[PDB]
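Trainee: Contents are mmCIF, C-alpha atoms; file name upload.cif:
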```cif
data_start
#
loop_
_atom_site.label_atom_id
_atom_site.label_comp_id
_atom_site.auth_asym_id
_atom_site.auth_seq_id
_atom_site.Cartn_x
_atom_site.Cartn_y
_atom_site.Cartn_z
CA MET A 1 11.83 -33.19 2.73
CA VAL A 2 13.95 -30.00 3.08
CA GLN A 3 14.01 -30.57 6.86
CA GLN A 4 17.71 -31.47 7.18
CA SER A 5 19.86 -31.47 10.34
CA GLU A 6 21.81 -28.40 9.14
CA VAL A 7 24.05 -26.91 11.86
CA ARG A 8 25.58 -23.39 12.08
CA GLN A 9 28.62 -24.63 14.06
CA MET A 10 31.27 -21.89 13.62
CA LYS A 11 34.33 -23.91 12.50
CA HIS A 12 37.68 -22.09 12.14
CA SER A 13 38.01 -22.41 8.34
CA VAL A 14 38.29 -19.60 5.76
CA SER A 15 35.43 -19.39 3.21
CA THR A 16 35.33 -16.71 0.47
CA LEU A 17 31.78 -15.50 -0.29
CA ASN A 18 30.64 -13.61 -3.42
CA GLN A 19 31.18 -9.81 -3.60
CA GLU A 20 28.12 -8.58 -1.66
CA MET A 21 26.78 -5.29 -3.11
CA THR A 22 26.64 -1.83 -1.44
CA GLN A 23 24.15 -0.52 1.15
CA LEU A 24 21.09 1.63 0.31
CA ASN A 25 19.18 4.70 1.62
CA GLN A 26 16.63 3.60 4.26
CA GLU A 27 13.70 5.30 2.49
CA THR A 28 14.75 3.77 -0.86
CA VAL A 29 14.80 0.34 0.86
CA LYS A 30 11.18 0.82 2.03
CA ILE A 31 10.33 1.98 -1.53
CA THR A 32 11.92 -1.21 -2.94
CA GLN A 33 9.87 -3.14 -0.33
CA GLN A 34 6.69 -1.26 -1.38
CA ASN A 35 7.16 -2.07 -5.10
CA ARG A 36 7.83 -5.78 -4.38
CA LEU A 37 4.81 -6.13 -2.03
CA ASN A 38 2.74 -4.04 -4.48
CA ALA A 39 3.18 -6.71 -7.18
CA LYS A 40 2.59 -9.46 -4.56
CA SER A 41 -0.77 -7.81 -3.69
CA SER A 42 -3.98 -8.97 -5.42
CA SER A 43 -6.29 -6.81 -3.27
CA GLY A 44 -5.49 -3.17 -4.13
CA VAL A 45 -2.10 -1.48 -3.66
CA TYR A 46 0.39 -1.41 -0.73
CA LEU A 47 1.09 2.10 0.60
CA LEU A 48 3.90 1.62 3.15
CA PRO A 49 3.97 4.61 5.61
CA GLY A 50 7.78 4.25 5.59
CA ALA A 51 7.93 4.49 1.76
CA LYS A 52 5.26 7.23 1.34
CA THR A 53 5.49 6.65 -2.45
CA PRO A 54 2.50 7.00 -4.84
CA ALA A 55 0.89 3.72 -6.07
CA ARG A 56 -1.26 3.23 -9.21
CA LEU A 57 -4.65 1.46 -8.85
CA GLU A 58 -7.17 0.68 -11.63
CA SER A 59 -10.58 1.21 -9.98
CA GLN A 60 -14.21 1.00 -11.16
CA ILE A 61 -14.30 4.79 -11.82
CA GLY A 62 -10.85 4.97 -13.47
CA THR A 63 -7.07 4.72 -13.02
CA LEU A 64 -6.06 6.66 -9.88
CA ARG A 65 -2.87 7.06 -7.79
CA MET A 66 -2.73 7.27 -3.95
CA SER A 67 0.06 8.33 -1.54
CA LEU A 68 0.69 8.91 2.20
CA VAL A 69 1.88 12.31 3.54
CA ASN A 70 1.68 14.35 6.80
CA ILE A 71 1.68 11.14 8.88
CA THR A 72 1.02 12.15 12.53
CA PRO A 73 -0.24 10.38 15.73
CA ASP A 74 -3.96 10.51 16.64
CA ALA A 75 -6.01 10.35 19.89
CA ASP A 76 -6.82 6.67 19.15
CA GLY A 77 -4.60 5.75 16.16
CA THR A 78 -2.80 7.78 13.44
CA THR A 79 -3.89 10.69 11.17
CA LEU A 80 -2.30 10.91 7.69
CA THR A 81 -3.28 12.70 4.45
CA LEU A 82 -4.55 10.25 1.79
CA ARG A 83 -4.15 11.88 -1.66
CA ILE A 84 -6.02 10.48 -4.69
CA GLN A 85 -4.31 11.72 -7.88
CA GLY A 86 -5.76 10.96 -11.33
CA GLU A 87 -3.44 9.10 -13.73
CA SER A 88 -5.88 9.99 -16.55
CA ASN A 89 -6.95 13.43 -17.84
CA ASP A 90 -10.58 12.95 -16.75
CA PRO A 91 -12.49 14.11 -13.58
CA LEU A 92 -13.24 11.38 -10.97
CA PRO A 93 -16.84 11.13 -9.57
CA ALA A 94 -17.71 10.54 -5.87
CA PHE A 95 -16.36 7.20 -4.58
CA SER A 96 -15.72 5.19 -1.38
CA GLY A 97 -12.84 2.81 -0.64
CA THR A 98 -11.82 0.14 1.90
CA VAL A 99 -8.29 0.76 3.27
CA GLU A 100 -6.48 -2.02 5.19
CA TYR A 101 -3.69 -1.08 7.64
CA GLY A 102 -1.50 -3.10 10.01
CA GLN A 103 2.02 -4.49 10.63
CA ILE A 104 4.48 -6.70 8.68
CA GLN A 105 6.57 -8.93 10.99
CA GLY A 106 7.94 -11.21 8.24
CA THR A 107 10.29 -10.77 5.25
CA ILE A 108 9.84 -10.29 1.48
CA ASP A 109 10.23 -14.08 1.12
CA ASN A 110 7.52 -14.75 3.75
CA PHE A 111 5.50 -12.02 5.54
CA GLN A 112 2.40 -12.19 7.78
CA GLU A 113 -0.07 -9.27 7.85
CA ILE A 114 -0.71 -8.86 11.62
CA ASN A 115 -2.72 -6.31 13.67
CA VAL A 116 -4.49 -5.30 10.43
CA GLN A 117 -7.92 -3.63 10.21
CA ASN A 118 -9.74 -1.34 7.73
CA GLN A 119 -11.52 2.02 7.32
CA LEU A 120 -13.84 3.74 4.78
CA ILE A 121 -12.24 6.53 2.71
CA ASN A 122 -15.11 8.41 1.00
CA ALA A 123 -13.93 11.17 -1.39
CA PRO A 124 -16.18 13.90 -2.99
CA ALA A 125 -17.18 14.35 -6.66
CA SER A 126 -14.12 15.70 -8.50
CA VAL A 127 -15.59 17.95 -11.23
CA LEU A 128 -12.08 19.24 -12.13
CA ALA A 129 -9.69 17.95 -14.83
CA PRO A 130 -7.10 16.74 -14.26
CA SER A 131 -8.61 15.23 -11.06
CA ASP A 132 -6.63 15.44 -7.78
CA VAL A 133 -8.06 15.03 -4.24
CA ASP A 134 -6.74 14.93 -0.65
CA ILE A 135 -8.69 13.45 2.31
CA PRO A 136 -7.63 12.93 5.99
CA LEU A 137 -7.22 9.22 6.80
CA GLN A 138 -7.74 8.91 10.58
CA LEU A 139 -6.38 5.41 11.30
CA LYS A 140 -7.59 3.80 14.56
CA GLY A 141 -5.84 1.62 17.17
CA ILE A 142 -2.45 1.58 15.41
CA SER A 143 0.31 4.11 16.26
CA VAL A 144 2.46 5.99 13.69
CA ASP A 145 5.65 4.44 15.14
CA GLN A 146 3.97 1.00 14.89
CA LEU A 147 2.65 1.48 11.31
CA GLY A 148 3.72 -1.29 8.91
CA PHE A 149 1.51 -1.04 5.79
CA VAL A 150 -1.54 0.89 4.52
CA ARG A 151 -3.18 -1.01 1.62
CA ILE A 152 -5.84 0.80 -0.48
CA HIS A 153 -8.43 -1.53 -2.12
CA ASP A 154 -12.16 -1.99 -2.88
CA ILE A 155 -12.88 1.27 -4.74
CA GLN A 156 -16.58 1.78 -5.58
CA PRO A 157 -18.70 4.73 -6.92
CA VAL A 158 -21.43 6.18 -4.64
CA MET A 159 -25.13 6.98 -5.40
CA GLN A 160 -24.32 7.98 -9.03
CA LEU A 161 -26.39 7.09 -12.13
CA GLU A 162 -25.23 4.81 -14.99
CA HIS A 163 -25.87 5.09 -18.74
CA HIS A 164 -28.19 2.42 -20.20
CA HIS A 165 -25.90 0.17 -22.26
CA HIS A 166 -28.25 0.04 -25.27
CA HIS A 167 -26.80 -2.81 -27.40
CA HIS A 168 -30.24 -4.13 -28.48
#
```
Can you dump the structure from the file as structure tokens?

Mentor:
Amino acid sequence: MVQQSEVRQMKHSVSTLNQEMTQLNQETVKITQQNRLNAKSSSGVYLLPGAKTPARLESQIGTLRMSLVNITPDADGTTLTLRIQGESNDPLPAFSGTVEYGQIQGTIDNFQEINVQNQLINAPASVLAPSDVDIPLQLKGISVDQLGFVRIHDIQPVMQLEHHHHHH
């Protein structure tokens, strides 16, 4: 019932608004957008190519932190360096992940993920502590200038053995 006949007819009458705050650095704005969307995400973390900031994700192998650097155009899509940094002090075993990437045409109040598809980021077995890895993420179809968001999710260990949870 919010559908009211509300008109924007510019009438010549003075109206004093509240003291609107100052402007902000463009990158910092995209960072503020990243953080807000990050919390609004239930499937992994939002890495906005315009923010390039590191995001913390609690995976099956452990708590890791990804970020986007060296973002450059590709033959088909866009090549950027996907860095997996360990938040813990432990080495991270071999794992694969499903990364979504597309465009955001809406606002923070209401945004639609359009032109979005995914790719498999498979990193090697990190036998070093602390664990830090960098792998080339060759995005397809989408152009660097047209990049809206790169969301890392679905992180799973590959072909590695478990330890028998002997409780009985």

Trainee: Apply the PyMOL selection byres ((chain A and resi 94-101) around 7) to the structure shown and report the selected residues as a VMD selection string.

Mentor: chain A and resid 92 to 93 102 116 to 126 149 to 158

Trainee: What does the structure give for the distance between atom CA of residue A:65 and atom CA of residue A:87, in Å to one decimal?

Mentor: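 Between these atoms lies a distance of 6.3 Å.
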
Trainee: Could you check the closest approach to residue A:104 for each of A:66, A:48, A:10, A:39 and tell me which residue wins, using all atoms listed in the file?

Mentor: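 Comparing A:66, A:48, A:10, A:39 against residue A:104, the winner is A:48.
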
Trainee: Under the PyMOL selection byres ((chain A and resi 144) around 8), which residues of this model are included? Write them out as a PyMOL selection string.

Mentor: chain A and resi 71-73+77-78+142-143+145-147

Trainee: Do you know which residues the PyMOL selection byres ((chain A and resi 132-141) around 6) returns on this file, as a short mmCIF file (atom, residue, chain, number, x, y, z; two decimals) with C-alpha atoms, in the coordinates of the input?

Mentor:
```
data_model
loop_
_atom_site.label_atom_id
_atom_site.label_comp_id
_atom_site.auth_asym_id
_atom_site.auth_seq_id
_atom_site.Cartn_x
_atom_site.Cartn_y
_atom_site.Cartn_z
CA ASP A 76 -6.82 6.67 19.15
CA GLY A 77 -4.60 5.75 16.16
CA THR A 78 -2.80 7.78 13.44
CA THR A 79 -3.89 10.69 11.17
CA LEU A 80 -2.30 10.91 7.69
CA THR A 81 -3.28 12.70 4.45
CA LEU A 82 -4.55 10.25 1.79
CA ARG A 83 -4.15 11.88 -1.66
CA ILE A 84 -6.02 10.48 -4.69
CA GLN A 85 -4.31 11.72 -7.88
CA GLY A 86 -5.76 10.96 -11.33
CA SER A 131 -8.61 15.23 -11.06
CA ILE A 142 -2.45 1.58 15.41
#
```

Trainee: Of the candidates A:110, A:34, A:26, A:4, which shows the shortest atom-to-atom distance to residue A:49, using all atoms listed in the file?

Mentor: A:34

Trainee: Please provide as an MDAnalysis selection string all residues within 12 Å of stretch 13-25 of chain A, with the sequence filter that same-chain residues fewer than 6 positions apart are discarded (counting only C-alpha atoms).

Mentor: chainID A and resid 31:32 51

Trainee: In Å, rounded to a single decimal, give me how far atom CA of residue A:62 is from atom CA of residue A:40.

Mentor: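 For atom CA of residue A:40 relative to atom CA of residue A:62, the distance reads 21.6 Å.
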
Trainee: Please output stretch 93-106 of chain A, rebuilt to include N, CA and C atoms, as a JSON list (two decimals), in the frame of the given file.

Mentor:
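Saved as selection.json:
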```json
[["chain", "number", "residue", "atom", "x", "y", "z"],
["A", 93, "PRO", "N", -15.60, 10.95, -10.35],
["A", 93, "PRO", "CA", -16.84, 11.13, -9.57],
["A", 93, "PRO", "C", -16.72, 10.63, -8.12],
["A", 94, "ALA", "N", -17.73, 10.92, -7.29],
["A", 94, "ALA", "CA", -17.71, 10.54, -5.87],
["A", 94, "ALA", "C", -17.57, 9.02, -5.67],
["A", 95, "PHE", "N", -16.65, 8.62, -4.80],
["A", 95, "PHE", "CA", -16.36, 7.20, -4.58],
["A", 95, "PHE", "C", -15.95, 6.91, -3.12],
["A", 96, "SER", "N", -16.17, 5.66, -2.69],
["A", 96, "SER", "CA", -15.72, 5.19, -1.38],
["A", 96, "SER", "C", -14.74, 4.03, -1.53],
["A", 97, "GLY", "N", -13.83, 3.88, -0.57],
["A", 97, "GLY", "CA", -12.84, 2.81, -0.64],
["A", 97, "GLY", "C", -12.53, 2.16, 0.71],
["A", 98, "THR", "N", -12.17, 0.88, 0.68],
["A", 98, "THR", "CA", -11.82, 0.14, 1.90],
["A", 98, "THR", "C", -10.30, 0.04, 2.06],
["A", 99, "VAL", "N", -9.75, 0.75, 3.05],
["A", 99, "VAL", "CA", -8.29, 0.76, 3.27],
["A", 99, "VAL", "C", -7.87, -0.14, 4.44],
["A", 100, "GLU", "N", -7.06, -1.16, 4.15],
["A", 100, "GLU", "CA", -6.48, -2.02, 5.19],
["A", 100, "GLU", "C", -5.21, -1.38, 5.75],
["A", 101, "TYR", "N", -4.93, -1.58, 7.03],
["A", 101, "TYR", "CA", -3.69, -1.08, 7.64],
["A", 101, "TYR", "C", -3.29, -1.91, 8.86],
["A", 102, "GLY", "N", -2.00, -2.27, 8.92],
["A", 102, "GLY", "CA", -1.50, -3.10, 10.01],
["A", 102, "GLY", "C", 0.03, -3.17, 10.05],
["A", 103, "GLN", "N", 0.56, -4.31, 10.49],
["A", 103, "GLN", "CA", 2.02, -4.49, 10.63],
["A", 103, "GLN", "C", 2.55, -5.69, 9.82],
["A", 104, "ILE", "N", 3.80, -5.60, 9.39],
["A", 104, "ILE", "CA", 4.48, -6.70, 8.68],
["A", 104, "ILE", "C", 5.67, -7.21, 9.49],
["A", 105, "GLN", "N", 5.51, -8.37, 10.13],
["A", 105, "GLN", "CA", 6.57, -8.93, 10.99],
["A", 105, "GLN", "C", 7.54, -9.84, 10.20],
["A", 106, "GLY", "N", 7.13, -10.28, 9.02],
["A", 106, "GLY", "CA", 7.94, -11.21, 8.24],
["A", 106, "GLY", "C", 8.92, -10.53, 7.28]]
```
